[PDB]
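The structure appears below as structure tokens.
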DNA sequence: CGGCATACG
DNA sequence: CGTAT
DNA sequence: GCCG
Ligand SMILES: [Ca+2]
Ligand SMILES: [Mg+2]
Ligand code: NA
């Protein structure tokens, strides 16, 4: 009744096992801080299974036969069901290692490997990093300066205003180019940590060289607080606020229209959904999927797609709208 | 046991 | 190394 | 950590 890959089942944004999935995602996060990508994946997948269930898990026996629930994840759920808390989870939550790796990796420009090295050097706080700024990249300096604003959720109300200003710059850069909202907001989220936009043009090839032209125009409008030929830009934008403004993370991606369905699919996520979809494609169908296309390595051919529906059909999967990709 | 998504800046 | 879903 |  529960298929093993997240791309084989609908996952809504809100569900019936929120507390259970949040606990498993703590353990997944902690596994990632320690470099165990395998354990991170299992805990993420187990969490995702619970999101896809039609009602709350109330008894341990309801986990029988669910994929990705073994001794460890089942014991976590058991303790939560019996006592309302899981000691392992609370131990992680309280730990200096978890709290500091979380704090450091949430800086734009800082990943697990950097955070871990800083942790091993004895650093613990944002002000610890500010006092030693020669150790920081320009990207990290921007992430640290803007860290407080970037920790405030972006609201869907914010997104429409940003999309309008991006469209104006895009339209001057290349008349006829389009901007599509992707990422979590396209899956129905009401808040987010950033805004993701996908840009293309209906005439194949006209999008070449577009992103620099867009970025230069946004920068001339004074809207870019930070940014790095290219096709992806990871920016910090100045977003108007009542009597002021706040910094917001915005990602811009350009794709040729031939690849647009693949880029839309990839950038709409969720992250776990796309990993599971690419895993399914390769392992179950022998096809190689990325945000550019879908390759048959036996015929050495790429699948043409005119829509996301095409891609799901190519892969033998029932279509899922973005709102059901919240794996 | 091997495998765990796949790319660009 | 960072970033993206 | 779990699947096949
Ligand atoms: Ca993003
Ligand atoms: Mg996003
Ligand atoms: Na980071």
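Looking at the structure I just gave you, is residue A:291 more than 24 Å from residue A:188 (Cα to Cα) and surrounded by 15 or more Cβ atoms within 10 Å (Cβ to Cβ)?
no
Would you call residue A:14 closer than 27 Å to residue A:183 by Cα, within 24 Å of the chain's Cα centre (by Cα) and not in a loop (DSSP other than H, G, I, E, B)?
Here the answer is no, as residue A:14 does not meet what is asked.
Among the residues of the stretch A:252-288, write down those that are more than 23 Å from residue A:28 (Cβ to Cβ) and within 19 Å of the chain's Cα centre (by Cα).
A:252, A:253, A:254, A:255, A:260, A:261, A:262, A:263, A:264, A:265
From the list A:282, A:278, A:313, which one is over 27 Å from residue A:173 (Cα atoms) and either buried (at least 18 other Cβ atoms within 10 Å of the Cβ) or within 16 Å of ligand 3 (Cβ to nearest atom) (or both)?
After ruling out the rest, the residue left standing is A:278.
Given the conditions (1) buried (at least 18 other Cβ atoms within 10 Å of the Cβ); (2) out of contact with any helix residue (DSSP H, G or I) (no Cβ under 9 Å at 6 or more places or on another chain), report the number of the one that residue A:185 does not fulfil.
Residue A:185 satisfies every listed condition except (2).
Let me spell it out: the conditions are (1) closer than 18 Å to residue A:159 by Cβ; (2) surrounded by 15 or more Cβ atoms within 10 Å (Cβ to Cβ), and residue A:245 meets all of them except one. Which number is the exception?
Condition (2) is where residue A:245 drops out.
On the basis of being in contact with a helix residue (DSSP H, G or I) (Cβ under 8 Å, 6 or more places away or on another chain) and under 30 Å from residue A:10 (Cα atoms), does residue A:239 make the cut?
no
Tell me whether the stretch A:34-50 contains one or more residues that are farther than 30 Å from residue A:114 by Cα, outside the structural domain of residue A:191 (by CATH) and surrounded by 20 or more Cβ atoms within 10 Å (Cβ to Cβ).
Yes, there is a match, as at least one residue in the stretch A:34-50 is farther than 30 Å from residue A:114 by Cα, outside the structural domain of residue A:191 (by CATH) and surrounded by 20 or more Cβ atoms within 10 Å (Cβ to Cβ).
Can you tell me how many residues in the stretch A:125-142 are within 21 Å of residue A:216 (Cα to Cα) and within 21 Å of the chain's Cα centre (by Cα)?
Going residue by residue through the stretch A:125-142, those that are within 21 Å of residue A:216 (Cα to Cα) are A:138-139, A:142.
Applying the additional criterion that residues be within 21 Å of the chain's Cα centre (by Cα) yields A:139, A:142.
Summing the residues that are within 21 Å of residue A:216 (Cα to Cα) and within 21 Å of the chain's Cα centre (by Cα) in the stretch A:125-142 gives 2.
Please go through the stretch A:254-269 and give me each residue that is surrounded by fewer than 20 Cβ atoms within 10 Å (Cβ to Cβ) and assigned to a loop (DSSP other than H, G, I, E, B), ordered by number.
A:256
All of this is worked out from the model, or read from it or from the source named; no laboratory read-out is quoted. Heads up, the Cβs are rebuilt from the backbone with ideal geometry, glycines too, and the neighbour counts pull from every protein chain shown.
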